[PDB]
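Only one chain comes next, encoded as structure tokens, the form deposited in one PDB entry.
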């Protein structure tokens, strides 16, 4: 006697995705508060954020369900690593035109002001920023915090499992009732 609720829902959601039933996927995720968070590998996801390849991690994040706090943390740190790389244009662009940053601007004005202040400083004061908590530790923390919100599911897992039930029925049989 084995039971599981959320995993089944996730299977169904994957099936819906593969079958181009987008509306039903949306409605299901909305109704059951369970989201399809498929990543090729959690190791690859963590490794991608740790290595600092922000394009990839932000694409993947754009494919995910979003807790506002985790997104504003992530996007904030992305901006920090941007202003460290002296890519000020992109940093400002993210600061003004991305949803988590707008939300941050609304709910926590002092924090966003602090971020823009960091962007507007003549040089990058890495000493304070990464002195409190290092870059490696920040990317690690964000990596864990986001990894908890994702799942890895084989390409067509539901159909595979149904095929397996079919094999079970054929080669073992069904218990009498």
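Numbering follows the first chain given and starts at 1.
Only in words, not in the display: the form deposited in another entry, which the text now covers.
> Can you let me know which of 98, 82, 37, 133 is the hinge position, looking at how the rigid parts move between this form and the one not shown?
It is 37 that lies at the hinge between this form and the one not shown.
> Can you tell whether residue 17 sits closer to or farther from residue 45 in that other deposited form than it does here, judged by CA atoms, where the change is 3 Å or more?
Relative to this form, closer in that other deposited form.
> Residue 43 and residue 22: their C-alpha distance differs by 3 angstroms or more in that other deposited form. Do they come closer or move farther apart compared with the shown form?
Those two alpha carbons end up closer in that other deposited form.
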